[PDB]
């Protein structure tokens, strides 16, 4: 089993959900306590189990697996022996974990903000609403639309949103294209948001596009929240039968020279992409981001025509999006 998540296929449906979900609780809790390193190990260990071909039924089956040491192995051992891990259950039931999960799931609130509020004694969304001076405009929007943003986004919603984004993009720039990215491109049936990547086949024509698209959406009444720019993390007023619901939408514009890199980056998964970028730098000496792949010794960028080209230049077997669910 390869050590990096970008070296192995990880399908959407896999055989060790119970074990991986427990390790991901410990990862999330490690993040809440400010240890990104422990979060990463627990995330990596969870993802190793997602890549296995069969259910783990014996502790024996972990031997040699990357990112399984004493702590992650003990969690699996307890789950196999007893069906529950005491440490996981203690974190699950804790006021700190529950509140930090509640606050960080708000759009505009991360760990550092949530931790400050926790330390000030706040515990509920009504507590935050009662203290509105404590909130940025982004946080006000996330709180205002929190109920809708907690409702899974479905494929029906994606299709409707892609049509209205395509209409605005076509009005803003003839020939520009819209590509669905994020979890839906990896095959997920649900999501917390919809992600779109916009480009134009003629390099340079996309300059200034995203403000024009946003103006056209805003004047059709489709925008509840947004804020030269090339990324917009929006909330849309999506029409529904007789009504509407708020939906998070991410819009990104890239020049066509960068489109394979942006498509790769925005397709995820989040762990897959951080592993790929780690692999690129640490194993291949190349610097990867959503704009390009840089060789820092020759001072040159790799010209890619496809995602496949990027994998090949990194010496990796190509993985289609549905196998990037690390």
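Only the largest set of C-alpha atoms that superpose within 1.5 Å between the two forms is called the rigid core. Positions refer to the first chain, counted from 1.
Once the structures in 8 other deposited structures of this protein are superposed via the core, the pair 108-116 and 229-237 is resolved in favour of 229-237 as the more displaced stretch (C-alpha RMS). In 8 other deposited structures of this protein, superposed on the rigid core, the segment with the larger root-mean-square CA displacement between 136-144 and 213-221 is 213-221. Unmodelled deposited residues between residue 227 and residue 228: 10 or more, per the record.
In this entry, 83-91 shows the higher mean Cα temperature factor of the pair 83-91 and 138-146.
Annotation for 117-125 versus 183-191: the higher mean temperature factor (C-alpha) is found in 117-125. Residue set 222, 109, 178, 100: peak C-alpha B-factor at 222 (per PDB entry). The residue among 104, 156, 232, 199 whose C-alpha carries the highest B-factor in the deposited model is 156.
Ranked within its chain, residue 250 lands in the lowest third, by CA B factor from the PDB record. Residue 66 sits in the middle third of its chain by CA B factor, as recorded in the PDB entry.
Ranked by Cα temperature factor within the chain, residue 299 sits in the highest third according to the deposited record. Remark: residue 24 belongs to the lowest third of its chain, ranked by C-alpha B-factor as recorded.
Residue 56: CA B factor lies in the highest third for its chain, per the PDB record.
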